[PDB]
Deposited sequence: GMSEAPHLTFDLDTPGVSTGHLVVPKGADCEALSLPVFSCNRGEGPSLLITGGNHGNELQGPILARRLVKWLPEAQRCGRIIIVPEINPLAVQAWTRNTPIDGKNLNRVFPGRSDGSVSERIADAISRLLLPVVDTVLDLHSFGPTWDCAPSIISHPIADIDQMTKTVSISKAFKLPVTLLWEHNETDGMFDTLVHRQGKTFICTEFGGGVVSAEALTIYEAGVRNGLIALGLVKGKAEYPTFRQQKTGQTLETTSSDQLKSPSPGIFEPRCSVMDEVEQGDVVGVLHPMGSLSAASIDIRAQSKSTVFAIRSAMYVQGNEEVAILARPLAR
């Protein structure tokens, strides 16, 4: 009964506004929102914090909120740094974003997190508009642009362009790499002045387009303690040990090797942890044919 979702300020108000997106009743959640409305030009929504466990997205989004008042040349940029603050309520949060934010933007940039248990390459993932989405994605000049075969559905259910930058909690994340990349996308979109620059990653200034399919998505054959045996960006040969699975019911039993099925690059890899059978423990990727 009581109230629909609402914003605490008017999005048509020129300049900078800060307020909340109130999601109706657990009780009401008030998600802080930043909006800079500088008229005609590109309209972009930036979201972060799907995983309350890994906050590099939210930190990058807050930095952007402080910087955009001086740098934003035109258009409209809405920033919701933390989408899952408590992290049904998840349906109602999705609904609030769909009703109040998605209608006003043409593009959505999700600062998506895999969680603290994965390491992954600083990158953009993509699953006509595909050509547009892929060119815009490459314009970020991140170390990897991945063609990988739900929030993209919401965004697609309004026919908007969806860009997904991937964050993980492992050693490979690189916050300044992601900053440089997001700035390159805002430059590419025409929202801020400047020239795109590849950030230095692993002592290099390069971008690479890779693809991943089912054979490259390595899964555990059975339950146990997964131990990674490679790092993000490692070039592996077919048959190389990507990780080892240790059994928990016995210290005499053998461990199981988890091997790469083809020559490929380690895009993401799980940290050491207990996994069930058929759980993905490494994402490999290869260059396009």
Gaps relative to the deposited sequence fall at 1, 27-29, 92-116, 157-161, 184-189, 214-215, 332
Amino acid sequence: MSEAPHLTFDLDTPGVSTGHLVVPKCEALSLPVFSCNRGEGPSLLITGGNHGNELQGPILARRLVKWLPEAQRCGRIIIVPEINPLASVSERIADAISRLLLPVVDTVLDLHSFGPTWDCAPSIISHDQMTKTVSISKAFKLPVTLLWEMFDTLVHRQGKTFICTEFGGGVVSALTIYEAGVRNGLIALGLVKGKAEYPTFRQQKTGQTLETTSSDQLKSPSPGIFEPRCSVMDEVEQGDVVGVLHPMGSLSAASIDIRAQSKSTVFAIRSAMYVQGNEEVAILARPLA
From here on, numbers count along this sequence of modelled residues.
Take the C-alpha B-factors listed in the entry for 71-79 and for 189-197, compute each mean, and give the stretch with the larger one. 189-197
Per the PDB entry, mean CA B-factor is higher for 102-110 or 161-169, namely for 161-169
C-alpha B-factor winner, where the candidates are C26, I225, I46, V33: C26
In terms of the CA temperature factor given in the entry, to which third of its chain does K205 belong: lowest, middle or highest? lowest
For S123, the third of its chain into which the C-alpha B factor falls: lowest
The third of the chain into which the C-alpha temperature factor of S264 falls is the middle
Looking at the temperature factor on the CA atom of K66, which third of the chain's modelled residues does it land in? middle
Quick one: classify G243 as lowest, middle or highest third of the chain based on its Cα B-factor. lowest
